[PDB]
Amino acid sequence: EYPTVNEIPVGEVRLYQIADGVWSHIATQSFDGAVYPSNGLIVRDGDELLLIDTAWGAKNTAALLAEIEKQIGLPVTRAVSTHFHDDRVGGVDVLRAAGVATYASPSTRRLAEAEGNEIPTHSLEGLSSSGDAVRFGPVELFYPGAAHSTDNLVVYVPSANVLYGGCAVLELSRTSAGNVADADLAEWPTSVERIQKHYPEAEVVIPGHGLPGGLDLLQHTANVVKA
């Protein structure tokens, strides 16, 4: 009973319990002639919440904050954007106005600015080269290399062995790689292989869009991109 677009009223957000102290957030947005869902993550960080990614636009991100307060009731104090596109940074200004400290890699921040997308305030150090990993409260942030975008990060939650792939990871039902305009199609299968090798104990894998599954999403992603 993972929410899909037909279950999510316009401008609304649903939360889904992944594990103890780990939720995904699902919202929908228009893109290229269709309505897409997209996923973000919420992780308990002590007495606070760590947010991964906006809910794709200001409206959705406002709804996300209201839904978190209603369902969980701990303050969101920090947010990480996993790449520079609007399903990851669109809503940063809302998060900042709400008192959330926003974070992204230096590369994500530079690309966001160049694209005219919203810019997270704070730079994440130690993610500049492929294979780099840093701890950020209750998660590990990992830079696997260029894939969906040159800057894309993935997020691992050690307590629950949850791998959040963002848009570098495709849902099983995906037939195409989606928006490849900023992708490195040559490097993407290799970046996915670095994810597979780094997180062999992953039990849940959450794509940027659509249904969670297992490690199979990673192979499926490699296969689709190769084709």
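Note that residue numbering begins at 1 and tracks the sequence as displayed.
- Of the two segments examined, 72-80 and 108-116, it is 108-116 that shows the higher average Cα temperature factor in the deposited entry.
- Comparing the deposited coordinates for 123-131 and 146-154, the stretch with the larger average C-alpha B-factor is 123-131.
- Per the deposited coordinates, the residue with the largest Cα temperature factor out of 218, 206, 15, 19 is 218.
- The maximum CA B-factor among the listed residues 65, 169, 181, 162, taken from the PDB record, is found at 181.
- In this PDB entry, the Cα temperature factor of residue 46 sits in the bottom third of its chain's modelled residues, the lowest group.
- Compared with the other modelled residues of the chain, the Cα B-factor recorded for residue 37 ranks in the middle third.
- In the PDB entry, residue 202 places in the highest third of its chain by CA B-factor.
- The PDB entry assigns residue 58 a C-alpha temperature factor belonging to the lowest third of its chain's modelled residues.
- Ranked by Cα temperature factor within the chain, residue 192 sits in the middle third according to the deposited record.
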